[PDB]
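What follows is one chain in structure tokens, specifically the form deposited in one PDB entry.
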């Protein structure tokens, strides 16, 4: 019935464990905010990928977050439901697994890197186990 606790997508977030990232377990009906905080700024493009793309730390898609505005707070909110303003069919099914990663190296020159980056080096990835535990 809940609003989950917000995730700040910056490298100093201790909830991204080394090598593991963040694992969430959201249930159907929850709401979540993924925030790229205001400002030396960290630049990211954040994507939702499949299990294989998260394990190899690769992207090939339209970003969920485009954190390239040092002046402003950029926010992305999810409700884990069937309906969405996403035109590509964003949905979250219970007992299904969803992966959010970024392949950026954090600098403005590395916003569009498509391999490696901050997913394999800082474990800046989210694993959402929808409708579990």
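Positions refer to the first chain, counted from 1. For clarity, a rigid core is taken as the largest C-alpha set superposing within 1.5 Å between two forms.
Another form, the form deposited in another entry, is not on view; read the next lines as being about it.
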| said: Only one of 27, 93, 84, 66 crosses a C-alpha shift of 2 angstroms between this form and the one not shown, counting 2 angstroms or more, core aligned. Which residue? | reply: 84
| request: Explain in one word, closer or farther, how the Cα atoms of residue 84 and residue 76 are placed in the other form relative to this form, where the distance changes by 3 Å or more. | output: farther
| request: Explain in one word, closer or farther, how the Cα atoms of residue 89 and residue 72 are placed in the other form relative to this form, where the distance changes by 3 Å or more. | output: closer
